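Undergrad: I'd like to ask you about the structure that follows.
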Ligand code: SF4
Ligand code: SF4
Ligand code: SF4
Ligand code: FCO
Ligand SMILES: [Ca+2]
Ligand SMILES: [Ca+2]
Ligand SMILES: [Ca+2]
Ligand SMILES: [Cl-]
Ligand code: NI
Ligand SMILES: [S]
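What follows is the structure, encoded as structure tokens:
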């Protein structure tokens with residue numbers, strides 16, 4: 011009595027995603043995640059001036075280009091042998107941090123929320139699933155249902171302006187957005203002025219107010235209606251993080267620290283243990299066993315027998331690991347926002363001080379949204395601090411020369427998860443460039459040993475009581491905030 | 037107050053053209069969506085998914101045949117029978133599955149459209165996906181139309197990404213033309229099909245650093261004073277109104293911040309590279 015459901019396009023993610031599930035006895039029993047679009051940035055990059063990479067790679071994704079820019083300029087800093095100044099480091103963090111706020115807000119409202127909030131009766135808010143299990147369906151008190159739905163929809167609409175203001179903040183020192191000009195090998199291209207720091211700060215305070223007063227309360231309220239969604243969309247419960255927003259010039263300390271959590275145990279992150287498999291991916295590898303990114307190969311082959319995705323399959327110590335705010339917040343285990351502490355008590359009867367106090371609830375559909383909202387607040391606290399640390403007038407750029415032969419790796423966390431760019435230079439040109447991105451870790455297919463990717467695995471057990479309105483499939487997928495442009499590049 | 041019907045499709049794109057559109061002001065995106073256009077299909081933001089989303093797209097393309105704008109973000113890959121870009125899956129009168137390539141989608145929808153508008157340098161000119169080293173046979177809308185022998189009014193709005201003012205302005209001008217063609221002639225296009233309204237000015241000729249350029253005052257590094265020419269600025273070979281309009285609601289622009297990389301031009305990126313070597 012198995013039924014197959016195929017969803018292509020899985021909309022309200024970035025890029026081209028197909029999801030297939032098998033359903034039996036009202037639950038998902040198997041799943042496949044497929045990325046159907048390829049560009050091959052790693053091929054396009056070969057033979058170029060290595061400095062061009064920090065512009066080229068941004069075009070992997072117009073939602074997270076600052077993450078790719080950051081990873082690229084860090085790879086170049088490493089390869090070129092240049093150290094960024096204090097003010098350069100802080101300026102890079104302000105450019106990138108403003109897009110963390112943009113990206114999380116864009117995701118929750120403009121990608122995720124239409125699985126919960128009933129929009130107006132005009133395109134693109136309709137058509138929608140007939141039985142969509144929305145706030146207006148779940149909340150049985152009609153006035154409360156209307157009021158809660160209107161509350162959520164008004165925030166969706168206001169968030170359109172708030173996310174635009176975040177891009178004003180990115181452009182302040184980044185030049186424009188999408189696709190900044192302001193980050194380069196050696197630092198940042200425009201020294202912050204007192205006036206422009208103040209103009210960034212004024213906009214930031216408006217964003218921060220929305221985060222604390224509107225976004226966090228909505229997420230906790232939403233979770234209190236959908237308590238069942240803290241109990242499904244579980245997956246491997248393995249997470250990895252690389253470290254993001256270095257807080258000192260030697261990159262020893264970060265806002266959110268590197269680390270790995272596998273099978274209930276914390277360990278340090280060791281980049282030597284990252285490798286990619288391609289057994290079910292449209293790529294040829296010169297050797298079996300998975301390849302470390304430093305010898306990565308990008309030889310597309312859409313005819314590869316048994317393959318079903320343009321996404322490669324990264325594993326850490328041969329384990330699937332997921333990435334993103336859940337991963338970073340679990341690894342760092344920061345103190346929860348005051349709003350979260352309060353609303354967990356008031357709305358759920360939960361006493362929680364630190365993220366891990368959520369326990370099992372963290373590894374779920376709603377847990378992923380909570381992690382993302384809490385991280386938005388945590389990032390805002392950091393930006394508020396960086397705005398005091400940044401020094402008007404202080405040099406942000408250090409000169410460098412393209413080396414003949416070198417290698418460098420830039421490590422960071424994109425809003426959606428762990429990100430590195432590996433750069434190898436020969437005869438002053440890009441010899442190899444290998445990108446291991448965030449959604450790559452989440453939306454990958456099975457590896458050579460048949461181990462499902464994290465989204466595939468997290469789909470197992472998801473309830474589908476109505477096969478014609480399989481709303482929880484998309485809810486699980488969107489909780490990961492997938493970017494398929496990033497996943498495939 | 038009849039809104040312009042829009043079907044927005046993505047090929048080999050990065051969603052940056054969409055994100056830039058979300059940054060519109062005067063009007064802002066809320067007013068664009070509720071008052072200016074009917075955004076009927078858009079994979080990044082629409083409520084429906086899969087079968088329902090595609091069925092709706094095709095129903096609109098039928099009901100509004102010859103009366104919707106086909107907006108294209110991203111390039112069209114033609115290698116390997118189009119299989120480098122699968123945009124969806126369709127189901128027959130029987131129960132079977134058929135993948136739809138970007139080639140198939142554009143071949144289908146373009147003849148149904150009132151006009152096609154290629155937003156961004158990828159769709160207009162090939163851009164980064166079509167740059168040296170790619171193996172996907174990545175192609176622009178104009179080249180795909182030429183290969184397919186499709187004659188459909190086509191307007192290009194390039195940039196990587198384009199400014200929201202360029203996209204909104206062009207779409208509004210096109211819709212005004214359709215509603216009253218003699219009161220609102222179509223914007224004059226250059227040889228590369230982009231409106232002179234936005235792409236007629238040369239950046240360099242209109243640049244506030246031109247006095248410095250003329251006096252040979254060149255910035256030694258990004259954070260020194262002077263014209264940006266020695267840092268790689270492609271303003272001299274680039275045609276857009278960025279010097280006037282600036283970016284992100286007037287907050288900054290590429291030349292003030294750093295350099296112009298010529299992102300609106302049909303030879304972007306290869307003809308504008310290396311980015312940090314002077315023209
Ligand atoms: S034109 Fe640039 S911003 Fe637009 S889809 Fe192409 S790469 Fe992205
Ligand atoms: S900064 Fe660029 S566009 Fe401006 S005058 Fe110099 S070379 Fe020309
Ligand atoms: S200044 Fe140059 S790189 Fe920047 S948006 Fe305008 S044309 Fe593109
Ligand atoms: N955030 C983001 Fe993009 C993805 N996935 C990257 O890296
Ligand atoms: Ca195939
Ligand atoms: Ca890769
Ligand atoms: Ca033909
Ligand atoms: Cl703007
Ligand atoms: Ni992305
Ligand atoms: S980002």
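Chains as they are written, first to last, in full-length UniProt numbering: chain A, 11 to 499; chain B, 37 to 315.
Think of the CB as a built atom: it goes at the ideal place given N, C-alpha and C, for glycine as much as any other residue.
1) Our contact map puts residue 207 (chain B) next to residue 105 (chain B) with C-beta atoms below 8 Å; I'd like the distance itself, whole angstroms only.
2) Along the region 75-88 of chain B, what residues have a CB closer than 7 Å to any CB found in chain A?
3) Can you give me the Cβ contacts of residue 263 (chain B) inside the same chain, cut-off strictly under 7 Å, excluding the 5 residues immediately before and after it?
4) Candidates B:94, B:109, B:90: which alpha carbon is nearest residue 51 (chain B)'s?
5) Along the chain, where does the beta strand (DSSP E) containing residue 421 (chain A) start, and where does it finish?
6) Taking Cβ-Cβ distances below 9 Å as the criterion, which residues of the region 270-285 of chain B are in contact with chain A?
7) Under a CB-based cut-off of 9 Å, is residue 112 (chain B) close to chain A?
8) Could you tell me whether the Cβ atoms of residue 26 (chain A) and residue 53 (chain B) are closer together than 9 Å?
9) Can you list, in chain order, the residues of its chain whose CB lies under 8 Å from that of residue 183 (chain A), leaving out five sequence neighbours each side?
10) Measure how close the beta-carbons of residue 65 (chain B) and residue 40 (chain B) come, nearest whole angstrom, since I'm counting them as under 8 Å.
11) Measuring alpha carbon to alpha carbon, tell me which residue in A:498, A:36, A:24, A:225 is nearest residue 318 (chain A).
12) By the three-class DSSP mapping on this structure, what secondary structure does residue 439 (chain A) have?
13) Listed from N- to C-terminal order along the chain, which residues in the region 60-71 of chain B have their beta-carbon within a distance smaller than 9 Å of any beta-carbon of chain A?
14) Determine the DSSP secondary structure at residue 188 (chain A), reduced to helix, strand or coil.
15) Using the Cβ count rule (16 or more neighbours within 10 Å means buried), how would you classify residue 311 (chain A)?
16) Distance, Cα to Cα, residue 241 (chain B) vs residue 112 (chain A)?
17) Output, in sequence order along the chain, the residues in the region 176-189 of chain A whose CB is closer than 8 Å to any CB in chain B.
18) Can you check the region 324-407 of chain A for any alpha helix (DSSP H) of at least 4 residues that lies completely inside it and give the ranges in chain order?
19) Run through chain B and tell me which residues come within less than 8 Å of residue 59 (chain A), C-beta to C-beta.
20) For residue 29 (chain A), which of A:489, A:484, A:462 has the nearest alpha-carbon?
21) Quick one: does residue 197 (chain B) have its CB under 9 Å from some CB of chain A?
22) Tell me the rounded alpha-carbon separation between residue 259 (chain B) and residue 127 (chain A).
23) To the nearest angstrom, how far is it from the Cα of residue 331 (chain B) to the Cα of residue 367 (chain A)?
24) For residue 12 (chain A), count the other beta carbons within 10 Å of its own beta carbon; 16 or more makes it buried, fewer makes it exposed. Which is it?
25) For the region 160-243 of chain B, list the alpha helix (DSSP H) runs that are entirely contained and at least 4 residues long, ordered along the chain.
26) What residues come near ligand 8, if near means a beta carbon less than 7 Å from any of its heavy atoms?
27) Can you tell me whether DSSP reads residue 292 (chain A) as helix, strand or coil?
28) With H, G and I counted as helix, E and B as strand and the rest as coil, what does DSSP make of residue 100 (chain A)?
29) Among residues of its own chain, excluding the 5 on either side of residue 378 (chain A), which ones have a beta-carbon nearer than 6 Å to its beta-carbon?
30) Could you tell me the alpha carbon to alpha carbon distance between residue 360 (chain A) and residue 171 (chain B), rounded to whole angstroms?
31) The alpha helix (DSSP H) that contains residue 451 (chain A), what's its start and end?
32) Residues around ligand 1, please: the condition is that the C-beta lies closer than 6 Å to some non-hydrogen atom of it.
33) Check each residue of the region 119-132 of chain B: if its Cβ is closer than 7 Å to any Cβ of chain A, include it; give the result in chain order.
34) Excluding the five sequence neighbours on either side, which residues of its own chain have a C-beta within less than 7 Å of the C-beta of residue 473 (chain A), listed in chain order?
35) Is residue 322 (chain A) close to chain B? Criterion is C-beta to C-beta, closer than 9 Å.
36) Kindly list, in the order they appear in chain A, the residues whose Cβ is closer than 7 Å to that of residue 92 (chain B).
TA: The answer reads as follows:
1) 7 Å
2) 75, 76, 78, 79, 80, 81, 82, 83, 84, 85, 86, 88
3) 245, 248, 249, 253, 254, 255
4) B:109
5) 416-424
6) 278, 282, 283, 284, 285
7) no
8) no
9) 101, 104, 105, 192, 198, 200, 202, 206, 210
10) The Cβ separation is near 15 Å, so there is no contact.
11) A:498
12) strand
13) 60, 61, 64, 65, 66, 69, 70
14) coil
15) exposed
16) 35 Å
17) 177, 178, 180, 181, 182, 183, 184, 185, 186, 187, 188, 189
18) 335-342, 348-358, 375-399
19) 309, 310, 311, 312, 313
20) A:484
21) yes
22) 47 Å
23) An answer regarding residue 331 (chain B) cannot be provided, because it is not within the stretch 37 to 315 covered by chain B.
24) exposed
25) 177-184, 200-215, 232-235
26) B:59, B:60, B:61, B:199, B:200, B:201, B:283, B:284, B:285
27) coil
28) helix
29) 336, 489
30) 54 Å
31) 448-452
32) A:69, A:72, A:188, B:49, B:50, B:52, B:53, B:109, B:110, B:156, B:157, B:158, B:163, B:164, B:196, B:197
33) 119, 120, 121, 122, 123, 124, 125
34) 36, 37, 242, 482
35) no
36) 137
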